[PDB]
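Q: This is the structure I have questions about; it appears just below.
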Amino acid sequence: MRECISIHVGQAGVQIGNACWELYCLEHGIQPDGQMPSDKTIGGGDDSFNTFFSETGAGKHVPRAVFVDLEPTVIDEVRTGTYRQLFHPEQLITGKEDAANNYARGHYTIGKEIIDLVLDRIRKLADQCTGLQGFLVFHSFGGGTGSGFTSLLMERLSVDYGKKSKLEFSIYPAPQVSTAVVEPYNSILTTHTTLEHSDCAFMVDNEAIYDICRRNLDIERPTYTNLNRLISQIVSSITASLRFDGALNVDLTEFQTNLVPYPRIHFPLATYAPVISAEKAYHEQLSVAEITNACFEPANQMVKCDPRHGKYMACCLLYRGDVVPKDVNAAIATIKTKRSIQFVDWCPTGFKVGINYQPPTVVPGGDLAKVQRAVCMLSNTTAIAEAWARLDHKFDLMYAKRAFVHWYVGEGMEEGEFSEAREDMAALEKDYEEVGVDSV
Amino acid sequence: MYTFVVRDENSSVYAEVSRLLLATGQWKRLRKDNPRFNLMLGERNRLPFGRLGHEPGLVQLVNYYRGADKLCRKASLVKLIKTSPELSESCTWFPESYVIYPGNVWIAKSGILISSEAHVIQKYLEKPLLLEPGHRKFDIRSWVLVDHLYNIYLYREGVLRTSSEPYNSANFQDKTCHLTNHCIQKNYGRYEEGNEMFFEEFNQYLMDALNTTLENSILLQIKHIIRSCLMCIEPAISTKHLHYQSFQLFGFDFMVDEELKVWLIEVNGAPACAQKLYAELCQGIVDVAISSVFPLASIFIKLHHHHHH
Amino acid sequence: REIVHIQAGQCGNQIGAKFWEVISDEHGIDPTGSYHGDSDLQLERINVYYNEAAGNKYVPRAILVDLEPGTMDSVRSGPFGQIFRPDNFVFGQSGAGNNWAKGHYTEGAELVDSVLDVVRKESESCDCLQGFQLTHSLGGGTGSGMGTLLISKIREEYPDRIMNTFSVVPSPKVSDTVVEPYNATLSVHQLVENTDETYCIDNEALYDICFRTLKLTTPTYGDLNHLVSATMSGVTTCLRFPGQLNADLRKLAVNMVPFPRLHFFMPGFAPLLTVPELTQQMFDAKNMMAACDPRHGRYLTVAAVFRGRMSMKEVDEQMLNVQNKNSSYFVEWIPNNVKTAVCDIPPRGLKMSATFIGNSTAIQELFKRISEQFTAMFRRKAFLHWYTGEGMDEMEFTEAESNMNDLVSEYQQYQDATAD
Ligand SMILES: Nc1nc2c(ncn2[C@@H]2O[C@H](COP(=O)(O)OP(=O)(O)OP(=O)(O)O)[C@@H](O)[C@H]2O)c(=O)[nH]1
Ligand SMILES: Nc1nc2c(ncn2[C@@H]2O[C@H](COP(=O)(O)OP(=O)(O)OP(=O)(O)O)[C@@H](O)[C@H]2O)c(=O)[nH]1
Ligand SMILES: Nc1ncnc2c1ncn2[C@@H]1O[C@H](COP(=O)(O)OP(=O)(O)CP(=O)(O)O)[C@@H](O)[C@H]1O
Ligand SMILES: Nc1nc(NCc2ccc3c(c2)OCO3)cc(-c2cccc3[nH]ccc23)n1
Ligand SMILES: [Ca+2]
Ligand SMILES: [Mg+2]
Ligand SMILES: [Mg+2]
């Protein structure tokens with residue numbers, strides 16, 4: 001059992017969903033028609049991949065997933081694209097008119113008209129589970145739908161499924177590919193309203209991904225496709241422990257216990273290696289040591305910040321492929337003797353390690369090399385609060401003049417919601433300060 | 001007591017600064033070769049910067065930035081503009097100019113010659129804004145103070161240095177109508193005192209004749225230009241973290257064309273001031289540049305801009 | 001999805017027709033309404049501006065309005081005149097004689113209901129109407145007064161749809177008709193309250209461009225309208241061809257309008273090459289379609305649209321360069337206020353082009369000019385009997401003047417604001 005349900009919200013969430021499900025199909029040997037010849041138990045089973053896929057009597061393997069957008073053109077591409085047969089039509093839900101980059105339309109004016117249908121389709125998925133574990137929610141911070149509708153949905157899920165865990169994958173805005181001036185408003189509004197409803201959230205900064213694609217894959221001007229394929233490799237590293245078995249495999253829930261010391265402090269920093277082109281991977285085999293070292297190079301982080309000027313509260317290493325513990329231990333010993341790794345005084349310094357043997361996969365025609373071994377580090381560090389600071393400053397500059405605020409008031413919001421949200425962010429920055437001070 | 005030395009006898013500005021400091025009661029002047037000074041008012045030529053900042057127990061301050069000559073010579077300025085990416089060969093507010101070693105009207109300068117035949121060669125501005133009455137050319141002087149922290153302060157009073165001759169397209173040999181220098185003019189004095197017009201009158205004129213203000217039509221561009229020039233050289237000359245500190249007073253000269261576009265002509269590294277404003281400006285230097293470092297027992301606009309993008 | 005287009009009066013109808021000619025040419029639609037293009041990119045978002053009729057015929061979603069009949073004849077005889085729906089022509093007989101009060105209160109009020117019937121029939125069959133665009137001049141009688149009446153009535157029936165205008169501002173260099181500043185002030189008073197977006201197309205600037213830059217010694221209306229049609233084509237490019245961007249009129253408005261009253265834009269076009277040259281030229285005062293120097297103010301927001309095949313890396317680098325070198329002209333308290341679009345399909349007869357849309361406080365210079373001419377007449381009450389004879393009070397003139405002065409003062413307030 002232990003099933004998980006994925007929810008993909010708005011453009012960014014949908015398109016990242018496409019990249020993730022394509023990659024999962026390649027990892028498990030599922031064809032685009034849904035057939036899986038290696039699966040000899042027809043119509044059911046409790047194999048590890050059944051946490052993410054259900055099975056019909058006709059042998060089709062069907063994602064446990066809902067896609068939601070308030071306009072139709074992005075999800076229409078899924079309806080007509082390569083993987084159109086993977087999904088039942090009731091899983092693909094669209095309205096007619098979007099939120100126009102406005103949190104208030106996604107949470108209230110437009111969002112209210114579709115929330116009950118979305119919840120009922122989710123209920124249909126939940127009823128097929130024999131031991132549902134929780135939810136995975138994919139969305140942008142900056143869009144009207146990804147911010148406001150996601151907020152609304154999280155509130156309703158807490159009502160209908162109680163304390164059942166909810167995890168986020170959240171796209172943090174960058175000016176190089178950003179399309180709206182108001183993205184800082186939406187980011188604070190959704191972060192305030194979701195903070196009590198989420199158990200754990202993985203932020204992905206578009207500027208970090210853009211930089212990595214340019215520097216390591218030699219792509220002059222990266223597209224959404226490049227970014228989403230790399231993101232999907234990180235997501236796959238995180239969920240691999242849920243989707244494959246094995247004796248050195250370590251459950252993600254067990255990492256959550258270690259990653260979250262207080263309910264509000266639930267935002268891990270992800271780092272992935274190696275990201276390398278085919279031309280450079282040739283005749284250059286990367287060892288366990290080289291990739292483990294690369295996990296402490298800030299240029300490989302998913303969020304721009306400097307862990308060397310904060311403190312660690314947890315540090316986890318998720319290996320996949322041709323990796324044995326002996327080489328892990330030698331690499332860790334070296335890193336401990338060489339780098340600036342300072343823990344808070346109320347927390348032990350041991351690194352937690354997992355190994356999955358199933359090797360990494362790449363998509364055909366991609367810009368990533370196929371490699372024999374890879375690693376994802378997840379750290380809980382105070383340095384991540386720098387990203388909140390950057391966003392809060394931009395919020396202040398505009399709000400002092402009330403710029404664009406009339407667009408929100410016209411949909412029924414009050415200024416009090418702006419200032420209440422901003423205060424909650426101020427208190428979060430203060431929490432991150434308090435957890436790094438020494439005991440007395 | 002703070003202590004100071006005077007080493008340039010011809011500075012009017014610093015003769016008044018000196019007299020003010022003395023009349024404070026809390027500053028003592030020393031002979032030009034005593035090394036135990038807090039503040040040097042230096043010479044213009046070959047100021048000995050290598051001998052500053054090596055006196056235990058004295059904070060030492062000087063009224064010049066080492067390296068600022070790069071901005072304050074014509075050839076150096078042309079080279080800095082063309083070769084600096086923050087300015088570039090396509091800089092819109094500086095006239096097209098070419099270094100030469102020993103509408104096609106040009107001016108040669110470093111005795112001046114303006115012709116369309118034939119040092120720096122610079123495009124001569126054929127369509128200047130002409131003041132009425134008198135159909136006459138002018139230039140704008142602005143004073144700017146840069147402190148030890150590299151704050152950039154624009155003195156709120158400027159001056160227009162006018163011609164008192166009608167402008168003549170068809171005579172570039174005769175320089176009295178083309179060149180607005182104070183000495184060269186002394187019909188001197190007819191319209192205004194000493195061929196100097198101040199901001200209150202000029203703003204009134206722009207309102208009455210062109211239905212706009214000095215602030216909107218002209219001053220935005222002046223501020224943009226001053227800030228761009230000084231931010232360009234900041235890494236080369238800043239004294240932050242250095243063992244001695246610097247401030248300096250600069251004189252920017254501008255030309256205004258008939259569509260209200262502002263052009264930079266010249267940066268002067270050792271300006272004098274218009275008479276009427278000595279008292280006020282020199283007091284401002286003491287307040288902002290000296291007592292900030294050596295405290296005792298606003299006429300400026302601070303130029304700062306941090307746009308996010 | 002669907003946009004409904006309205007053109008009112010002589011000026012509005014002439015530029016409307018040119019707009020429909022240019023975009024019909026860009027989509028490969030002939031005067032009969034048949035598609036004969038070479039590329040699927042032409043039809044993918046065709047329905048934004050065109051209906052499909054039987055036989056795969058494409059018919060503009062366009063309504064044609066005047067109080068003067070005969071402009072209807074000149075349109076109908078124009079090259080694309082057969083393409084328009086015959087029932088969409090709504091014309092009176094009387095004329096308005098350059099009198100705003102006739103357009104807004106008397107002759108135009110009688111006809112407005114028949115105009116609304118056609119509007120409603122077109123709107124009812126839209127899958128998902130985004131809103132409306134109107135072309136008119138502000139200096140005549142029909143387009144200014146009746147057009148702003150139409151705007152008010154549409155807002156009553158579609159209060160949640162976007163209302164956009166392309167509004168031609170008068171200049172003594174093109175028309176000597178003496179009452180124009182009255183008509184423009186009275187219309188602007190309406191526009192401040194009831195539109196989301198107004199492109200200020202200034203006949204002053206168009207004349208100066210035709211004379212100085214294009215070297216046309218005696219500019220005709222045709223030369224001005226060539227510039228207008230190229231600009232309007234540029235500014236609707238991002239809705240009209242498939243291309244990285246997923247937007248609707250409301251999201252554009254949300255990106256461009258920080259305060260509800262400050263929604264009057266300065267358009268530009270270049271050339272009248274390399275990416276640096278285009279970029280430098282589009283930010284030059286001489287390329288603006290409003291007679292304003294942007295260096296006499298500050299930008300609240302800017303959109304830049306490039307057309308043709310070029311390097312996206314290079315476009316990004318040049319936009320950053322102009323912002324870095326001209327930083328004083330962008331308000332520091334709105335981060336990331338410059339947006340860029342690239343369309344692969346060039347306009348007819350060019351390999352590369354740029355269209356500019358600016359929300360600048362320098363637009364106050366335009367409003368000041370008009371204001372001066374207004375006061376020159378109002379202080380002597382010249383020609384006022386033309387308007388009071390239609391039932392108007394002096395008081396309405398006083399209020400309109402006051403509102404335009406307030407708009408100016410507000411632009412100045414945001415020009416002077418700082419961050420610290
Ligand atoms: N990484 C990544 N970011 C994306 C993608 N698509 C959009 N974004 C980012 O998401 C933000 C815009 O939000 P969208 O997802 O496009 O908006 P939305 O949820 O559809 O909301 P509305 O369209 O306003 O109703 C911008 O910061 C984009 O850079 C994507 O495919 N991948
Ligand atoms: N740019 C441009 N301006 C025009 C054109 N036609 C008219 N104008 C301007 O429009 C203004 C006059 O308004 P009109 O459009 O003629 O007035 P109307 O809407 O037809 O109303 P009436 O003629 O009174 O019935 C003048 O200032 C002209 O300069 C045109 O084709 N192009
Ligand atoms: N390119 C140009 N176009 C138009 N006028 C010009 C010009 N270059 C110089 N001038 C005119 O010539 C005058 C003097 O030139 P110059 O820049 O040498 O002054 P200057 O250095 O002798 C005075 P100071 O040193 O006190 O600042 C200017 O005031 C200006 O009126
Ligand atoms: N406000 C606004 N902007 C426009 N283009 C600039 C832009 C491009 C890409 C952007 C962006 C803004 O914001 C984020 O991405 C066009 C328009 C318009 C007006 C009237 C009729 C129209 N028919 C089609 C368009 C349009 N209106
Ligand atoms: Ca099975
Ligand atoms: Mg969307
Ligand atoms: Mg007419």
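Ligands are numbered from 1 in the order shown, residues from 1 within each chain, and chains are lettered A, B, ... in the order they appear in the structure tokens.
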Skipping near chain neighbours, those fewer than 4 positions away, what residues fall within 9 Å of residue 137 (chain A) using only C-alpha atoms, listed as a ChimeraX atom specification?
A: /A:5-9,13,150,166-170
Q: Any chance you could list, as a list in words, the residues in region 99-235 of chain C that come up strand (DSSP E or B) when DSSP is run on the backbone?
A: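 Checking each residue of region 99-235 of chain C, the strand (DSSP E or B) ones are residues 131, 132, 133, 134, 135, 136, 137, 162, 163, 164, 165, 166, 167, 168, 169, 197, 198, 199, 200, 201 and 202 of chain C.
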Q: Suppose we keep C-alpha atoms; can you now write the selection as a tab-separated table (two decimals), in the first residue's frame?
A:
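Output file out.tsv follows:
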chain	number	residue	atom	x	y	z
C	131	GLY	CA	-12.93	42.66	-24.08
C	132	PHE	CA	-13.05	45.55	-26.50
C	133	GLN	CA	-10.79	47.90	-28.48
C	134	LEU	CA	-12.04	51.22	-29.93
C	135	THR	CA	-10.34	53.42	-32.57
C	136	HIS	CA	-11.33	57.09	-32.69
C	137	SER	CA	-10.01	60.64	-32.63
C	162	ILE	CA	-11.40	44.98	-20.47
C	163	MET	CA	-11.90	48.31	-22.32
C	164	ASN	CA	-8.95	49.53	-24.47
C	165	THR	CA	-8.71	52.55	-26.83
C	166	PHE	CA	-6.40	53.84	-29.58
C	167	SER	CA	-7.09	57.58	-29.27
C	168	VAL	CA	-5.77	60.19	-31.73
C	169	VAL	CA	-4.90	63.49	-29.96
C	197	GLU	CA	-5.71	51.25	-21.33
C	198	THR	CA	-5.29	54.19	-23.73
C	199	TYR	CA	-2.61	54.48	-26.42
C	200	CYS	CA	-1.95	58.21	-26.95
C	201	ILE	CA	-1.42	58.63	-30.71
C	202	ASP	CA	-0.44	62.30	-31.19
Q: If the limit is 6 Å from any atom of ligand 3, counting only C-alpha atoms and all ligand atoms, which residues qualify? Return them as number ranges by chain.
A: B: 122-125, 139, 179-181, 265-266, 268
Q: Could you write out that same residue set with N, CA and C atoms as a CSV table (one decimal), in the first residue's frame?
A:
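Once written, result26.csv looks like this:
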chain,number,residue,atom,x,y,z
B,122,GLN,N,36.1,67.7,-31.4
B,122,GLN,CA,34.8,67.5,-30.9
B,122,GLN,C,33.7,68.1,-31.8
B,123,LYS,N,32.6,67.4,-32.0
B,123,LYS,CA,31.4,67.9,-32.7
B,123,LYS,C,30.9,69.2,-32.1
B,124,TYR,N,30.9,70.3,-32.9
B,124,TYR,CA,30.4,71.6,-32.4
B,124,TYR,C,28.9,71.7,-32.5
B,125,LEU,N,28.2,72.0,-31.4
B,125,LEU,CA,26.8,72.0,-31.3
B,125,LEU,C,26.2,73.2,-32.0
B,139,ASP,N,26.2,78.6,-21.0
B,139,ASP,CA,26.5,77.3,-20.4
B,139,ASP,C,26.1,77.3,-18.9
B,179,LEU,N,31.8,81.8,-27.5
B,179,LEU,CA,32.5,81.3,-26.3
B,179,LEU,C,32.1,82.2,-25.1
B,180,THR,N,31.5,81.5,-24.1
B,180,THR,CA,30.8,82.1,-23.0
B,180,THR,C,31.6,82.2,-21.7
B,181,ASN,N,33.0,82.0,-21.8
B,181,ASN,CA,33.8,82.2,-20.7
B,181,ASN,C,33.7,83.6,-20.1
B,265,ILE,N,30.2,69.1,-21.4
B,265,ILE,CA,31.3,69.7,-22.1
B,265,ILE,C,32.6,69.5,-21.4
B,266,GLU,N,32.7,69.6,-20.1
B,266,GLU,CA,33.9,69.7,-19.3
B,266,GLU,C,33.7,69.3,-17.9
B,268,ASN,N,35.9,70.1,-14.4
B,268,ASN,CA,37.0,70.9,-13.8
B,268,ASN,C,37.2,70.4,-12.4
Q: Neighbours of ligand 2 within 7 Å, counting only C-alpha atoms and all ligand atoms, as JSON, numbers by chain?
A: {"C": [8, 9, 10, 11, 12, 14, 15, 67, 68, 95, 96, 97, 98, 99, 136, 137, 138, 139, 140, 141, 142, 143, 144, 168, 170, 171, 174, 175, 203, 221, 222, 224, 225]}
Q: Per DSSP on the backbone, what are the helix (DSSP H, G or I) residues of region 76-305 of chain A, as an MDAnalysis selection string?
A: chainID A and resid 76:80 89:91 103:109 111:113 115:126 144:161 183:194 206:217 224:243 252:259 278:281 288:294 298:300
Q: For ligand 1, collect every residue having any atom at a distance of at most 9 Å from a ligand atom (counting only C-alpha atoms and all ligand atoms); output as a count of residues only.
A: 57
Q: What residues in chain B have any atom no more than 7 Å from chain C when counting only C-alpha atoms, and can you write them as a ChimeraX atom specification?
A: /B:86,216-217,220-221,224,306-309
Q: Interatomic distance between CA of residue 188 (chain A) and CA of residue 119 (chain A)?
A: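 It comes out at 25.0 Å.
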Q: Just want the 12 Å neighbourhood of residue 82 (chain B), counted on only C-alpha atoms, with same-chain residues fewer than 5 positions away dropped. Output as a ChimeraX atom specification.
A: /B:75-77,87-92,94-99
Q: Looking at A:181, A:437, A:126, A:152, which one is nearest to ligand 4, with distances taken over only C-alpha atoms and all ligand atoms?
A: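 Using only C-alpha atoms and all ligand atoms, ligand 4 sits closest to A:181.
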Q: May I have the residues within 8 Å of ligand 5, computed using only C-alpha atoms and all ligand atoms, as a ChimeraX atom specification?
A: /A:39-47,50,55
Q: Take the residues just selected and output them with N, CA, C and O atoms as a PDB file, in the first residue's frame.
A:
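Ended up saving to part-v6.pdb:
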ATOM      1  N   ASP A  39       5.649  -6.643 -15.634  1.00  0.00           N
ATOM      2  CA  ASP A  39       4.722  -6.846 -14.518  1.00  0.00           C
ATOM      3  C   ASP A  39       3.837  -8.062 -14.794  1.00  0.00           C
ATOM      4  O   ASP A  39       2.918  -7.994 -15.619  1.00  0.00           O
ATOM      5  N   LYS A  40       4.107  -9.181 -14.114  1.00  0.00           N
ATOM      6  CA  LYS A  40       3.327 -10.403 -14.302  1.00  0.00           C
ATOM      7  C   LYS A  40       2.049 -10.499 -13.465  1.00  0.00           C
ATOM      8  O   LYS A  40       1.235 -11.390 -13.728  1.00  0.00           O
ATOM      9  N   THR A  41       1.825  -9.617 -12.492  1.00  0.00           N
ATOM     10  CA  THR A  41       0.563  -9.593 -11.743  1.00  0.00           C
ATOM     11  C   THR A  41      -0.429  -8.630 -12.387  1.00  0.00           C
ATOM     12  O   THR A  41      -0.345  -7.412 -12.211  1.00  0.00           O
ATOM     13  N   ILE A  42      -1.377  -9.193 -13.133  1.00  0.00           N
ATOM     14  CA  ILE A  42      -2.304  -8.425 -13.959  1.00  0.00           C
ATOM     15  C   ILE A  42      -3.427  -7.857 -13.098  1.00  0.00           C
ATOM     16  O   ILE A  42      -4.037  -8.576 -12.299  1.00  0.00           O
ATOM     17  N   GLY A  43      -3.681  -6.555 -13.236  1.00  0.00           N
ATOM     18  CA  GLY A  43      -4.808  -5.900 -12.601  1.00  0.00           C
ATOM     19  C   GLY A  43      -4.612  -5.480 -11.159  1.00  0.00           C
ATOM     20  O   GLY A  43      -5.527  -4.876 -10.580  1.00  0.00           O
ATOM     21  N   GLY A  44      -3.461  -5.767 -10.562  1.00  0.00           N
ATOM     22  CA  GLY A  44      -3.203  -5.322  -9.206  1.00  0.00           C
ATOM     23  C   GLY A  44      -1.801  -5.694  -8.779  1.00  0.00           C
ATOM     24  O   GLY A  44      -0.985  -6.145  -9.585  1.00  0.00           O
ATOM     25  N   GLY A  45      -1.529  -5.479  -7.502  1.00  0.00           N
ATOM     26  CA  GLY A  45      -0.268  -5.880  -6.906  1.00  0.00           C
ATOM     27  C   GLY A  45       0.161  -4.898  -5.837  1.00  0.00           C
ATOM     28  O   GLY A  45      -0.380  -3.803  -5.702  1.00  0.00           O
ATOM     29  N   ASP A  46       1.127  -5.329  -5.033  1.00  0.00           N
ATOM     30  CA  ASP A  46       1.767  -4.459  -4.047  1.00  0.00           C
ATOM     31  C   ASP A  46       3.267  -4.322  -4.324  1.00  0.00           C
ATOM     32  O   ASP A  46       4.088  -4.302  -3.402  1.00  0.00           O
ATOM     33  N   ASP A  47       3.643  -4.182  -5.594  1.00  0.00           N
ATOM     34  CA  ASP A  47       5.018  -3.830  -5.913  1.00  0.00           C
ATOM     35  C   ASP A  47       5.292  -2.369  -5.564  1.00  0.00           C
ATOM     36  O   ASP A  47       4.383  -1.546  -5.433  1.00  0.00           O
ATOM     37  N   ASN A  50       3.697   0.360  -7.449  1.00  0.00           N
ATOM     38  CA  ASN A  50       2.279   0.579  -7.192  1.00  0.00           C
ATOM     39  C   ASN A  50       1.996   1.686  -6.187  1.00  0.00           C
ATOM     40  O   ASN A  50       0.839   2.109  -6.097  1.00  0.00           O
ATOM     41  N   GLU A  55      -3.431  -0.073 -11.444  1.00  0.00           N
ATOM     42  CA  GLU A  55      -3.465  -1.019 -12.560  1.00  0.00           C
ATOM     43  C   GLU A  55      -4.905  -1.368 -12.905  1.00  0.00           C
ATOM     44  O   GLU A  55      -5.699  -1.658 -12.007  1.00  0.00           O
TER      45      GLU A  55
END
